[PDB]
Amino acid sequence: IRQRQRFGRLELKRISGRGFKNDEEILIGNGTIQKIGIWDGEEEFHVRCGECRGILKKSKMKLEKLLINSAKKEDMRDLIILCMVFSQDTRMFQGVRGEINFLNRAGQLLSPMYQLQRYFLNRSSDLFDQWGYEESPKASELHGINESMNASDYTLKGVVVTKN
């Protein structure tokens, strides 16, 4: 619950909940099936990438909500991609269109989750293209954001941003 931890470029600190991890055979969007440890349970985290911070709520293979501050657009984009991956959202696994390696050249074992993080920080349009949008909030303290990190009347599903 109280410790700052890292998932690569993502920093997290648990707020609530508990996940339990089980290996599952996951179909990724390029057709491969890869065994991945999948977390089950409601969890909520403070999160950070750079100057952008947020609160992430996830359930099994689902980003439920991500509420972030306004920041440098590169950090907003990276926090959102990292939370989409850390969430293990079904849509994120479906977004792998291209080649992805789970062994290195010397045959050593690589972590699927970390390889997915590397994949999407390099290719985020694969994740955004099919993520989905929903109407932004109206008349509130929050606004919606599109995949270009601009305020918009429709927002990436589950994501909202605190008005300055």
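Start at 1 and count along the sequence shown; that's the residue number.
Chemist: So which stretch wins on mean C-alpha B-factor, 53 to 61 or 134 to 142?
Modeler: On average, C-alpha B-factors are higher across 134 to 142.
Chemist: Which of the two stretches, 23 to 31 or 114 to 122, shows the higher mean Cα temperature factor in the record?
Modeler: The stretch with the larger average C-alpha B-factor is 23 to 31.
Chemist: Please work out which residue in 109, 47, 106, 66 has the highest C-alpha B-factor recorded for this crystal structure.
Modeler: Highest C-alpha B-factor among the listed options: 106.
Chemist: Just say lowest, middle or highest third for the CA B-factor of residue 88 relative to the other modelled residues in its chain.
Modeler: It belongs to the lowest third of the chain when residues are ordered by C-alpha B-factor.
Chemist: With respect to C-alpha B-factor, does residue 96 fall in the lowest, middle or highest third of the chain as deposited?
Modeler: Within its chain, residue 96 is a highest-third residue by C-alpha B-factor, going by the deposited values.
Chemist: Please place residue 36 in the lowest, middle or highest third of its chain according to the CA B-factor in the PDB entry.
Modeler: For residue 36, the deposited C-alpha B-factor lands in the middle third.
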